[PDB]
Amino acid sequence: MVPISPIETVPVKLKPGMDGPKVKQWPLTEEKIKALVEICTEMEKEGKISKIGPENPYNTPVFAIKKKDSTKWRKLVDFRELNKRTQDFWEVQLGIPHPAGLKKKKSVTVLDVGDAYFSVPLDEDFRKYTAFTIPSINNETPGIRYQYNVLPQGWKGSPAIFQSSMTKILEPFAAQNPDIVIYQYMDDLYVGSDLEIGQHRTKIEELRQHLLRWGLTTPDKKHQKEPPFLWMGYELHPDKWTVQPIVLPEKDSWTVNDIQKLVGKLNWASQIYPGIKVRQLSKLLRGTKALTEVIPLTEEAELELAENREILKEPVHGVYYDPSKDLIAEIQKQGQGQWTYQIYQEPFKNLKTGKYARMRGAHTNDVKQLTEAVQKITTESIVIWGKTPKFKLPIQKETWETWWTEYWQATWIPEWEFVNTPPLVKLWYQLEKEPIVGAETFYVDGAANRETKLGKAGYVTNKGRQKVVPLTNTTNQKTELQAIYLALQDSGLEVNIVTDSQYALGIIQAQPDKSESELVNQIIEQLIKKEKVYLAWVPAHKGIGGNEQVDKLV
Amino acid sequence: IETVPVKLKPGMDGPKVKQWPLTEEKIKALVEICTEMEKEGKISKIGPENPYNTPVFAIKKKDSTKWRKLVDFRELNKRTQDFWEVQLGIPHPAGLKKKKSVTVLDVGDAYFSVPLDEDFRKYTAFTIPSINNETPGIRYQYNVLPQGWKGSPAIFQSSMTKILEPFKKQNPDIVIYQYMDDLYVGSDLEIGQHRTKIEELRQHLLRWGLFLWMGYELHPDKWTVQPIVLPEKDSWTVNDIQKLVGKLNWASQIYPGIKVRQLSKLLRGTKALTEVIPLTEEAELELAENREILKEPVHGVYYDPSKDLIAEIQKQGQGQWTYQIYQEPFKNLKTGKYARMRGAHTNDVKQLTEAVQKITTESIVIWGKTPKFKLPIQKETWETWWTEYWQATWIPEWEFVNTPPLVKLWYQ
Ligand SMILES: COc1nc(Nc2ccc(C#N)c(OCCC(C)C)c2)nc(OCCN2CCOCC2)n1
């Protein structure tokens with residue numbers, strides 16, 4: 001007898017003000033009972049459970065379920081009530097590693113623990129709260145009582161305690177073996193090293209003995225799992241990673257759930273397969289509650305999907321992260337508020353890829369979207385590699401300079417360089433900060449009757465030029481935008497425009513290159529065509545001379 | 001040696017707050033730091049039975065190369081009960097904002113002696129994250145009074161008094177205030193004498209049992225307040241007068257007797273923007289009267305220790321920033337401007353962060369509490385980059401204004 005160290009139990013409480021589960025034990029068939037009695041018998045023999053007396057008020061229902069209609073039966077206990085009534089644990093399964101963040105190893109091995117798991121004892125004072133009863137045959141006898149001495153399978157607090165304990169155990173062995181690396185997921189431990197393979201095998205052996213010291217049984221034979229590993233949607237080789245292969249379904253009738261699963265597969269494959277376009281398909285899913293309704297593929301969706309299936313034609317591999325080399329992210333504009341990025345170390349070997357869709361605004365510009373994408377990639381890169389990448393961006397230094405210097409908001413991008421890979425991101429117009437000498441002065445106004453939705457838009461100038469246009473089915477904001485649009489249409493290459501609209505000014509100081517409103521876009525095109533434009537504001541109804549409320553208030 | 005009883009408000013549970021990503025160097029620094037903090041018993045490793053979490057990160061103070069552990073306690077601070085001590089509240093030293101000079105000192109280490117209430121510790125839990133979620137996040141809890149928590153200065157107040165008893169009596173001129181981990185020392189004396197008395201004070205701190213060798217020099221008497229000014233020109237264009245009228249019309253929301261009539265009348269007809277308009281008698285007189293109105297302070301502006309403080313910040317470009325502190329719209333308790341170039345010349349966010357810091361410190365000196373900020377920055381950008389530039393131990397609440405303000409130039 002070589003002594004094994006005890007595993008410290010984790011104190012557990014029920015949610016305050018509440019108590020444990022009470023549920024009437026469901027009647028079974030004689031068969032199910034006869035199976036469960038044997039199962040619980042040998043479990044009791046192994047120490048996973050124990051027989052208890054009538055003193056325990058708590059009963060959780062126990063079910064029998066045949067395993068694949070074989071000669072074996074298996075126990076299934078429904079803990080949902082206890083889980084509802086049990087406290088919260090800090091769940092350290094928060095997040096999972098991303099393969100791109102890992103460093104390659106010459107050797108990697110899996111150690112399954114389905115043994116050590118039940119070597120982890122439950123808190124003694126909490127044991128009475130897990131209690132199940134096996135109904136005897138015919139109910140002619142008092143049912144058999146049982147309680148858990150270890151972490152039950154499917155209890156709310158099992159994973160956290162399991163992982164905390166396991167970590168506590170692995171702690172010094174990791175510390176005194178700095179030349180290897182370990183990661184724990186579910187029932188599997190993952191060890192890796194750059195050691196010569198024999199040394200690796202003996203290291204794994206040493207780990208197995210180390211777990212044996214706490215009385216944790218390890219397979220004692222060769223493990224059936226070797227690289228590649230299928231893990232959480234990934235195919236993991238020691239020198240490379242990818243996603244478990246993505247194949248786009250060919251169907252004539254595309255339903256809502258079809259495009260749901262399609263955007264799932266695409267958003268999942270986007271991290272590696274570069275240039276995946278989710279836009280048109282996602283737009284077809286907007287506002288659709290019913291999963292059974294077939295929604296016709298737009299002609300903009302088909303040629304997108306045709307590029308998608310030509311992306312997934314031949315698979316591509318991601319590499320691992322080498323801390324000795326620079327970290328770089330490159331961005332491209334795909335148009336339509338979509339951006340595609342690739343994070344790599346050496347050219348054309350990508351650590352990973354990705355995409356960014358614009359936030360939903362009324363208006364927006366390229367530069368803002370580029371900035372937002374940069375922030376996204378930054379945060380992602382801090383999560384994964386722990387540092388901020390070097391950016392290669394489709395924007396001239398000068399453009400960025402003008403933008404951030406003149407922009408009303410504070411804005412920043414980390415260290416970056418201009419890559420010339422069209423389409424380039426640019427500023428489409430720039431408003432003068434001073435009134436233009438020699439340029440005609442257009443005083444514009446618009447107004448609308450709120451009751452009849454009728455109104456007018458127009459302008460008067462210093463050169464005598466005037467216009468007023470009637471508008472039906474329109475609003476004050478609309479008429480006041482239309483006024484400016486008119487002043488832009490009818491004016492030469494340089495123009496000064498006075499407006500009383502805080503709204504129009506509010507829109508134009510946001511410098512959008514695109515908008516939901518075709519009117520605003522028309523104005524944008526107009527500005528783009530212009531040489532110099534000075535937009536000036538005055539308060540309404542203060543009788544500012546030249547601002548004419550009399551023509552459009554009729 | 002005896003812990004003072006501490007609890008939360010009724011119905012409010014402990015903070016469960018997401019830990020945001022940290023870079024590698026900050027993770028290293030926090031690992032080393034928490035390692036040395038465990039060996040000193042200030043913190044202790046915890047198990048899965050502790051659900052609560054509070055964010056933690058790393059900074060560097062003024063002109064110092066040593067990393068510092070900053071726990072962001074805001075959620076816990078607002079979830080912890082309003083702590084009214086034996087002090088019955090501090091009658092905040094309005095003499096502090098009147099002082100010729102004020103020095104800010106870091107006393108935080110003094111908190112690490114006093115033990116924390118045994119039952120309250122589960123609410124202080126924080127997590128040192130790992131890169132790429134490869135290893136489980138390391139978890140500690142505080143056995144002592146944590147820096148950044150509202151209850152720490154509250155608890156340590158009574159003993160801080162009897163620590164500072166001889167000094168306050170030896171120097172009846174000097175005013176001493178305490179906010180979070182910082183201690184503010186006001187005086188009417190000279191800079192050199194200030195430095196000497198500060199050295200004596202930190203030695204006095206070292207003798208009473210407690211990086212406290214740092215200090216910050218502020219000058220409330222030289223501090224920035226602003227009135228509203230209108231141009232003085234010998235000739236006005238149509239544009240000049242349009243801007244003027246706009247600004248006056250804006251000021252009318254504040255000052256009662258503003259009249260724009262005679263100035264607006266000049267604009268009559270549609271003139272070109274660059275055309276010069278001579279000022280009439282009525283116009284000039286009206287302008288003069290408006291200036292007269294503007295020279296006076298604002299009628300009946302009162303502070304309310306109950307109500308919130310709000311801080312608006314506008315980017316004026318060229319490193320220039322303007323700001324206002326208020327409670328109700330168009331009542332300004334403080335207004336100012338910040339031009340500082342230090343390390344920030346090419347970076348807007350660094351500037352804005354230093355601006356928020358300065359403004360907050362000012363708020364602390366004047367009213368003894370921090371304002372609620374409205375920042376001219378996208379939530380994503382700020383939230384990404386602010387912790388890199390942050391040198392102060394406290395943190396203010398904030399929000400993000402997405403609409404460009406028209407009033408931007410009216411403060412410039
Ligand atoms: C098992 O843990 C671990 N694994 C690796 N690499 C590594 C490389 C190849 C495979 C395969 N197949 C692998 O598989 C085991 C793990 C999982 C996630 C299935 C893991 N690198 C590390 O360490 C990288 C941590 N560094 C990141 C940069 O800062 C310093 C720390 N840790």
# chains A, B, ... in the order shown; residues from 1 in each chain; ligands from 1

$ residues_around --residues "residue A:528" --least-positions-apart "5" --cutoff "12 Å" --atoms "only C-alpha atoms" --output "list in words"
residues 426, 427, 428, 429, 430, 431, 488, 489, 493, 494, 511, 512, 513, 514, 521, 522, 523 and 533 of chain A

$ write_last_selection --atoms "C-alpha atoms" --output "PDB file, in the first residue's frame"
ATOM      1  CA  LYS A 426     -10.588  58.057 -49.197  1.00  0.00           C
ATOM      2  CA  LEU A 427     -12.397  61.227 -48.146  1.00  0.00           C
ATOM      3  CA  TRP A 428     -14.865  62.179 -50.878  1.00  0.00           C
ATOM      4  CA  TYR A 429     -15.286  65.863 -49.974  1.00  0.00           C
ATOM      5  CA  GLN A 430     -13.975  68.542 -47.610  1.00  0.00           C
ATOM      6  CA  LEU A 431     -15.988  71.509 -46.347  1.00  0.00           C
ATOM      7  CA  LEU A 488     -25.803  72.408 -54.827  1.00  0.00           C
ATOM      8  CA  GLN A 489     -27.362  71.515 -58.201  1.00  0.00           C
ATOM      9  CA  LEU A 493     -17.846  74.789 -58.742  1.00  0.00           C
ATOM     10  CA  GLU A 494     -17.426  76.978 -55.639  1.00  0.00           C
ATOM     11  CA  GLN A 511     -19.200  63.487 -43.482  1.00  0.00           C
ATOM     12  CA  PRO A 512     -20.922  60.326 -44.764  1.00  0.00           C
ATOM     13  CA  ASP A 513     -19.940  58.790 -48.096  1.00  0.00           C
ATOM     14  CA  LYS A 514     -23.143  56.714 -48.082  1.00  0.00           C
ATOM     15  CA  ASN A 521     -26.648  60.458 -51.210  1.00  0.00           C
ATOM     16  CA  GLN A 522     -27.639  62.912 -53.941  1.00  0.00           C
ATOM     17  CA  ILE A 523     -26.214  65.697 -51.808  1.00  0.00           C
ATOM     18  CA  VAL A 533     -18.058  74.344 -50.487  1.00  0.00           C
TER      19      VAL A 533
END

$ residues_near_ligand --ligand "ligand 1" --cutoff "8 Å" --atoms "only C-alpha atoms and all ligand atoms" --output "PyMOL selection string"
(chain A and resi 97-99+101-105+107-110+181-184+190-192+227-229+231+235-241+320-321+323+385-386) or (chain B and resi 24+131-132+134)

$ interface_residues --of "chain B" --to "chain A" --cutoff "7 Å" --atoms "only C-alpha atoms" --output "number ranges by chain"
B: 21-24, 47-51, 131-136, 242, 246, 264-265, 267-274, 315, 317, 347-349, 376-377, 381, 384, 404

$ write_last_selection --atoms "N, CA, C and O atoms" --output "CSV table (one decimal), in the first residue's frame"
chain,number,residue,atom,x,y,z
B,21,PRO,N,-9.7,41.6,-22.0
B,21,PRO,CA,-8.4,41.1,-22.4
B,21,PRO,C,-7.3,42.0,-21.9
B,21,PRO,O,-7.4,43.2,-21.8
B,22,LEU,N,-6.2,41.4,-21.5
B,22,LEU,CA,-4.9,42.1,-21.2
B,22,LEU,C,-3.8,41.7,-22.1
B,22,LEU,O,-3.8,40.6,-22.6
B,23,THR,N,-2.8,42.6,-22.3
B,23,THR,CA,-1.7,42.2,-23.1
B,23,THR,C,-0.7,41.3,-22.3
B,23,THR,O,-1.0,41.0,-21.2
B,24,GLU,N,0.4,40.9,-22.9
B,24,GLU,CA,1.3,40.0,-22.3
B,24,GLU,C,2.0,40.6,-21.1
B,24,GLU,O,2.1,40.0,-20.0
B,47,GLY,N,-11.4,29.2,-4.6
B,47,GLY,CA,-11.9,28.1,-5.4
B,47,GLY,C,-13.1,28.5,-6.2
B,47,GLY,O,-13.6,29.6,-6.2
B,48,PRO,N,-13.7,27.5,-6.9
B,48,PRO,CA,-14.8,27.7,-7.8
B,48,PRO,C,-16.1,28.1,-7.1
B,48,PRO,O,-17.1,28.6,-7.7
B,49,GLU,N,-16.1,28.0,-5.8
B,49,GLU,CA,-17.3,28.3,-4.9
B,49,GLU,C,-17.5,29.8,-4.9
B,49,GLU,O,-18.5,30.3,-4.4
B,50,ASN,N,-16.6,30.6,-5.4
B,50,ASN,CA,-16.7,32.1,-5.5
B,50,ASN,C,-17.1,32.5,-6.8
B,50,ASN,O,-16.3,32.6,-7.7
B,51,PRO,N,-18.4,32.9,-7.0
B,51,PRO,CA,-19.0,33.3,-8.3
B,51,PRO,C,-18.6,34.7,-8.7
B,51,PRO,O,-18.6,35.0,-9.9
B,131,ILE,N,-3.2,34.5,-21.6
B,131,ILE,CA,-3.2,34.7,-23.0
B,131,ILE,C,-3.9,33.5,-23.7
B,131,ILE,O,-3.7,32.4,-23.3
B,132,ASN,N,-4.9,33.8,-24.5
B,132,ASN,CA,-5.5,32.8,-25.4
B,132,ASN,C,-6.3,31.7,-24.5
B,132,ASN,O,-6.5,30.6,-25.0
B,133,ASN,N,-6.7,32.0,-23.3
B,133,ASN,CA,-7.4,31.1,-22.5
B,133,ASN,C,-6.8,29.7,-22.4
B,133,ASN,O,-7.5,28.7,-22.3
B,134,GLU,N,-5.4,29.7,-22.4
B,134,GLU,CA,-4.7,28.4,-22.3
B,134,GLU,C,-4.7,27.8,-21.0
B,134,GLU,O,-4.9,26.6,-20.8
B,135,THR,N,-4.5,28.6,-19.9
B,135,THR,CA,-4.6,28.2,-18.6
B,135,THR,C,-5.8,28.9,-17.9
B,135,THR,O,-6.1,30.0,-18.3
B,136,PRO,N,-6.4,28.3,-16.9
B,136,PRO,CA,-7.5,28.9,-16.2
B,136,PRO,C,-7.1,30.2,-15.6
B,136,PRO,O,-5.9,30.4,-15.2
B,242,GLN,N,-23.2,86.9,-38.8
B,242,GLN,CA,-24.0,85.7,-38.7
B,242,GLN,C,-23.5,84.8,-37.5
B,242,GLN,O,-24.3,84.3,-36.7
B,246,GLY,N,-25.4,84.0,-34.0
B,246,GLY,CA,-25.6,82.6,-33.5
B,246,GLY,C,-25.1,82.4,-32.1
B,246,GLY,O,-25.8,81.8,-31.3
B,264,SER,N,-29.1,91.6,-36.2
B,264,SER,CA,-29.8,90.9,-37.2
B,264,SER,C,-30.4,91.8,-38.4
B,264,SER,O,-30.3,91.4,-39.5
B,265,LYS,N,-30.8,93.0,-38.0
B,265,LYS,CA,-31.4,93.9,-39.0
B,265,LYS,C,-30.3,94.3,-40.0
B,265,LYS,O,-30.7,94.6,-41.2
B,267,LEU,N,-28.2,92.3,-41.4
B,267,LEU,CA,-28.1,91.2,-42.4
B,267,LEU,C,-29.2,91.3,-43.5
B,267,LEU,O,-29.1,90.6,-44.5
B,268,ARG,N,-30.2,92.2,-43.3
B,268,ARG,CA,-31.4,92.3,-44.1
B,268,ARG,C,-31.0,92.4,-45.6
B,268,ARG,O,-30.1,93.0,-46.1
B,269,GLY,N,-31.8,91.7,-46.4
B,269,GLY,CA,-31.6,91.4,-47.8
B,269,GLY,C,-30.7,90.2,-47.9
B,269,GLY,O,-30.3,89.7,-46.9
B,270,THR,N,-30.3,89.8,-49.1
B,270,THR,CA,-29.3,88.7,-49.2
B,270,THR,C,-28.0,89.2,-49.7
B,270,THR,O,-27.8,89.4,-50.9
B,271,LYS,N,-27.1,89.5,-48.8
B,271,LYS,CA,-25.7,89.9,-49.1
B,271,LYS,C,-24.8,88.7,-49.2
B,271,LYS,O,-25.0,87.6,-48.7
B,272,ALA,N,-23.7,88.8,-50.0
B,272,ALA,CA,-22.7,87.8,-50.0
B,272,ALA,C,-21.9,87.7,-48.7
B,272,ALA,O,-21.9,88.7,-47.9
B,273,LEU,N,-21.4,86.5,-48.4
B,273,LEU,CA,-20.8,86.3,-47.1
B,273,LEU,C,-19.6,87.1,-46.7
B,273,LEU,O,-19.3,87.4,-45.5
B,274,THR,N,-18.8,87.4,-47.7
B,274,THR,CA,-17.5,88.1,-47.5
B,274,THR,C,-17.7,89.6,-47.5
B,274,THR,O,-16.7,90.4,-47.4
B,315,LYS,N,-13.5,68.5,-28.4
B,315,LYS,CA,-12.2,68.6,-29.1
B,315,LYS,C,-12.1,69.8,-30.0
B,315,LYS,O,-12.9,69.9,-31.0
B,317,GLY,N,-9.3,70.7,-31.6
B,317,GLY,CA,-8.2,70.5,-32.5
B,317,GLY,C,-6.9,71.1,-32.1
B,317,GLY,O,-6.9,71.9,-31.1
B,347,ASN,N,-1.6,61.7,-30.8
B,347,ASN,CA,-2.6,60.7,-30.3
B,347,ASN,C,-3.8,61.5,-29.6
B,347,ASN,O,-3.7,62.1,-28.6
B,348,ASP,N,-5.0,61.4,-30.3
B,348,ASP,CA,-6.2,62.0,-29.7
B,348,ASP,C,-6.7,61.4,-28.4
B,348,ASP,O,-7.2,62.0,-27.5
B,349,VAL,N,-6.6,60.0,-28.4
B,349,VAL,CA,-7.1,59.3,-27.2
B,349,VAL,C,-6.3,59.5,-26.0
B,349,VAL,O,-6.8,59.6,-24.9
B,376,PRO,N,-16.6,62.8,-26.5
B,376,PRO,CA,-16.7,62.9,-27.9
B,376,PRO,C,-15.9,61.8,-28.6
B,376,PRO,O,-15.0,62.1,-29.3
B,377,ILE,N,-16.2,60.5,-28.3
B,377,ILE,CA,-15.5,59.4,-28.8
B,377,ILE,C,-16.4,58.2,-28.9
B,377,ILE,O,-17.4,58.0,-28.2
B,381,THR,N,-13.8,52.6,-29.6
B,381,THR,CA,-12.4,53.2,-29.6
B,381,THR,C,-11.9,53.4,-28.2
B,381,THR,O,-10.8,53.0,-27.8
B,384,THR,N,-11.5,50.3,-26.1
B,384,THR,CA,-10.3,49.6,-26.5
B,384,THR,C,-9.0,50.3,-26.0
B,384,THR,O,-8.2,49.6,-25.3
B,404,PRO,N,-22.4,65.2,-33.4
B,404,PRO,CA,-21.5,66.4,-33.3
B,404,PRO,C,-22.3,67.6,-32.7
B,404,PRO,O,-23.3,68.0,-33.2

$ select_by_dssp --residues "stretch 151-289 of chain B" --states "helix (DSSP H, G or I)" --output "short mmCIF file (atom, residue, chain, number, x, y, z; two decimals) with N, CA and C atoms, in the first residue's frame"
data_model
loop_
_atom_site.label_atom_id
_atom_site.label_comp_id
_atom_site.auth_asym_id
_atom_site.auth_seq_id
_atom_site.Cartn_x
_atom_site.Cartn_y
_atom_site.Cartn_z
N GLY B 151 -15.06 51.83 0.46
CA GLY B 151 -15.07 51.57 1.88
C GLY B 151 -13.71 51.64 2.56
N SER B 152 -12.64 51.54 1.77
CA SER B 152 -11.29 51.59 2.32
C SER B 152 -10.94 52.93 2.99
N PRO B 153 -11.10 54.06 2.28
CA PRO B 153 -10.80 55.33 2.97
C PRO B 153 -11.79 55.61 4.10
N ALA B 154 -13.02 55.14 3.94
CA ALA B 154 -14.05 55.30 4.96
C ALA B 154 -13.63 54.62 6.26
N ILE B 155 -13.19 53.38 6.14
CA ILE B 155 -12.73 52.60 7.28
C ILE B 155 -11.45 53.18 7.88
N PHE B 156 -10.49 53.48 7.02
CA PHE B 156 -9.18 53.95 7.48
C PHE B 156 -9.20 55.40 7.95
N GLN B 157 -10.33 56.07 7.77
CA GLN B 157 -10.46 57.50 8.09
C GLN B 157 -10.12 57.83 9.54
N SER B 158 -10.76 57.13 10.47
CA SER B 158 -10.59 57.37 11.90
C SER B 158 -9.14 57.25 12.36
N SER B 159 -8.42 56.26 11.83
CA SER B 159 -7.02 56.06 12.17
C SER B 159 -6.11 57.04 11.43
N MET B 160 -6.53 57.44 10.24
CA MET B 160 -5.82 58.44 9.45
C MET B 160 -5.82 59.77 10.21
N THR B 161 -6.92 60.03 10.91
CA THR B 161 -7.04 61.22 11.73
C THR B 161 -5.97 61.24 12.81
N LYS B 162 -5.90 60.17 13.60
CA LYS B 162 -4.93 60.10 14.69
C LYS B 162 -3.50 59.85 14.21
N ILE B 163 -3.34 59.56 12.93
CA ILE B 163 -2.02 59.55 12.31
C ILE B 163 -1.61 60.99 12.00
N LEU B 164 -2.57 61.78 11.52
CA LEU B 164 -2.30 63.15 11.08
C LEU B 164 -2.51 64.22 12.15
N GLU B 165 -2.82 63.80 13.37
CA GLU B 165 -3.08 64.74 14.47
C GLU B 165 -1.96 65.76 14.78
N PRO B 166 -0.70 65.31 14.93
CA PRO B 166 0.34 66.29 15.25
C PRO B 166 0.58 67.30 14.14
N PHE B 167 0.54 66.83 12.89
CA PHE B 167 0.86 67.67 11.73
C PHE B 167 -0.18 68.77 11.52
N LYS B 168 -1.45 68.41 11.65
CA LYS B 168 -2.54 69.36 11.44
C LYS B 168 -2.54 70.47 12.49
N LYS B 169 -2.11 70.14 13.70
CA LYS B 169 -2.04 71.13 14.77
C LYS B 169 -0.81 72.03 14.63
N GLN B 170 0.30 71.44 14.20
CA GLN B 170 1.54 72.20 14.02
C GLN B 170 1.42 73.18 12.86
N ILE B 191 6.29 77.41 -3.32
CA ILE B 191 6.57 76.10 -3.92
C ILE B 191 7.68 75.32 -3.21
N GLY B 192 8.79 76.00 -2.90
CA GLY B 192 9.89 75.36 -2.21
C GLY B 192 9.51 74.92 -0.81
N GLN B 193 8.86 75.83 -0.08
CA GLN B 193 8.37 75.54 1.26
C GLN B 193 7.35 74.41 1.20
N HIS B 194 6.57 74.41 0.13
CA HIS B 194 5.58 73.37 -0.12
C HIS B 194 6.28 72.02 -0.24
N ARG B 195 7.35 71.98 -1.04
CA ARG B 195 8.13 70.76 -1.24
C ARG B 195 8.74 70.26 0.06
N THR B 196 9.30 71.19 0.84
CA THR B 196 9.91 70.83 2.12
C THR B 196 8.89 70.25 3.09
N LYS B 197 7.75 70.91 3.21
CA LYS B 197 6.68 70.44 4.09
C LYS B 197 6.09 69.11 3.61
N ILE B 198 6.14 68.89 2.30
CA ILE B 198 5.67 67.63 1.73
C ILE B 198 6.64 66.49 2.05
N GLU B 199 7.94 66.79 1.98
CA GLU B 199 8.96 65.82 2.38
C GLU B 199 8.82 65.48 3.86
N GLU B 200 8.63 66.50 4.68
CA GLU B 200 8.41 66.31 6.10
C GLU B 200 7.15 65.48 6.35
N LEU B 201 6.15 65.69 5.50
CA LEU B 201 4.87 64.99 5.65
C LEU B 201 4.97 63.52 5.25
N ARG B 202 5.77 63.22 4.23
CA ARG B 202 5.95 61.84 3.80
C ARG B 202 6.87 61.09 4.76
N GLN B 203 7.77 61.83 5.41
CA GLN B 203 8.59 61.24 6.46
C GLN B 203 7.70 60.96 7.67
N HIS B 204 6.77 61.88 7.92
CA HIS B 204 5.80 61.74 9.00
C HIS B 204 4.90 60.54 8.74
N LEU B 205 4.64 60.27 7.46
CA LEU B 205 3.87 59.09 7.06
C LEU B 205 4.69 57.82 7.27
N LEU B 206 5.97 57.89 6.91
CA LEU B 206 6.87 56.75 7.06
C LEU B 206 7.04 56.37 8.52
N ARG B 207 6.96 57.36 9.40
CA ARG B 207 7.12 57.14 10.84
C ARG B 207 5.88 56.50 11.48
N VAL B 238 -20.69 89.84 -43.45
CA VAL B 238 -21.98 89.21 -43.22
C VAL B 238 -21.79 87.92 -42.43
N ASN B 239 -20.74 87.18 -42.77
CA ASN B 239 -20.41 85.94 -42.06
C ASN B 239 -20.07 86.18 -40.59
N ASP B 240 -19.24 87.19 -40.34
CA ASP B 240 -18.85 87.55 -38.97
C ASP B 240 -20.07 87.79 -38.11
N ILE B 241 -21.00 88.58 -38.65
CA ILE B 241 -22.22 88.95 -37.94
C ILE B 241 -23.18 87.76 -37.80
N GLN B 242 -23.18 86.87 -38.79
CA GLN B 242 -24.00 85.67 -38.69
C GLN B 242 -23.52 84.78 -37.54
N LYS B 243 -22.21 84.56 -37.48
CA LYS B 243 -21.61 83.79 -36.39
C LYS B 243 -21.90 84.46 -35.05
N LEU B 244 -21.67 85.77 -35.00
CA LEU B 244 -21.92 86.55 -33.79
C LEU B 244 -23.34 86.35 -33.28
N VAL B 245 -24.31 86.52 -34.18
CA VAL B 245 -25.72 86.38 -33.85
C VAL B 245 -26.02 84.98 -33.34
N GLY B 246 -25.41 83.98 -33.97
CA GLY B 246 -25.60 82.61 -33.53
C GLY B 246 -25.11 82.41 -32.11
N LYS B 247 -23.92 82.92 -31.84
CA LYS B 247 -23.30 82.79 -30.52
C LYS B 247 -24.11 83.50 -29.43
N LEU B 248 -24.58 84.70 -29.74
CA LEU B 248 -25.40 85.47 -28.81
C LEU B 248 -26.72 84.77 -28.53
N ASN B 249 -27.35 84.28 -29.59
CA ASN B 249 -28.57 83.50 -29.48
C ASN B 249 -28.37 82.27 -28.60
N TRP B 250 -27.18 81.68 -28.69
CA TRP B 250 -26.82 80.57 -27.81
C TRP B 250 -26.71 81.03 -26.36
N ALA B 251 -25.99 82.13 -26.15
CA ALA B 251 -25.78 82.67 -24.81
C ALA B 251 -27.10 83.08 -24.15
N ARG B 261 -31.71 91.85 -32.02
CA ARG B 261 -32.47 92.59 -33.03
C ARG B 261 -31.66 93.48 -33.98
N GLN B 262 -30.93 94.43 -33.42
CA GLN B 262 -30.28 95.46 -34.23
C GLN B 262 -29.11 94.90 -35.04
N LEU B 263 -28.53 93.81 -34.56
CA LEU B 263 -27.46 93.14 -35.30
C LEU B 263 -28.04 92.34 -36.46
N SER B 264 -29.14 91.65 -36.21
CA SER B 264 -29.83 90.88 -37.24
C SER B 264 -30.36 91.77 -38.36
N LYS B 265 -30.84 92.96 -37.99
CA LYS B 265 -31.36 93.91 -38.97
C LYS B 265 -30.33 94.29 -40.03
N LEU B 266 -29.05 94.24 -39.66
CA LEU B 266 -27.98 94.58 -40.58
C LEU B 266 -27.88 93.56 -41.71
N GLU B 281 -25.65 102.70 -35.17
CA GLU B 281 -25.69 103.12 -33.77
C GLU B 281 -26.39 102.08 -32.90
N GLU B 282 -27.58 101.68 -33.34
CA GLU B 282 -28.38 100.70 -32.62
C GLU B 282 -27.64 99.38 -32.46
N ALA B 283 -27.00 98.94 -33.54
CA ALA B 283 -26.25 97.69 -33.54
C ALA B 283 -25.11 97.72 -32.53
N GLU B 284 -24.23 98.72 -32.67
CA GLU B 284 -23.09 98.89 -31.78
C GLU B 284 -23.51 98.97 -30.32
N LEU B 285 -24.55 99.75 -30.06
CA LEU B 285 -25.07 99.89 -28.70
C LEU B 285 -25.54 98.55 -28.17
N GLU B 286 -26.28 97.81 -29.00
CA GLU B 286 -26.79 96.50 -28.62
C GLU B 286 -25.66 95.54 -28.28
N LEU B 287 -24.61 95.58 -29.09
CA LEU B 287 -23.43 94.75 -28.88
C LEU B 287 -22.77 95.08 -27.54
N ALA B 288 -22.59 96.38 -27.29
CA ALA B 288 -22.01 96.84 -26.03
C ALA B 288 -22.81 96.35 -24.83
N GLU B 289 -24.13 96.53 -24.90
CA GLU B 289 -25.02 96.08 -23.84
C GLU B 289 -24.87 94.57 -23.62
#

$ residues_around --residues "residue A:298" --least-positions-apart "5" --cutoff "12 Å" --atoms "only C-alpha atoms" --output "PyMOL selection string"
chain A and resi 254+279-284+303-305

$ select_by_dssp --residues "stretch 118-212 of chain A" --states "strand (DSSP E or B)" --output "PyMOL selection string"
chain A and resi 121+131-134+144-148+150+180-185+188-193

$ residues_around --residues "residue B:75" --least-positions-apart "3" --cutoff "8 Å" --atoms "only C-alpha atoms" --output "number ranges by chain"
B: 15, 17, 54, 78-79

$ atom_distance --atom1 "atom CA of residue B:6" --atom2 "atom CA of residue B:106"
24.3 Å

$ residues_around --residues "residue A:293" --least-positions-apart "4" --cutoff "10 Å" --atoms "only C-alpha atoms" --output "PyMOL selection string"
chain A and resi 254-258+288-289
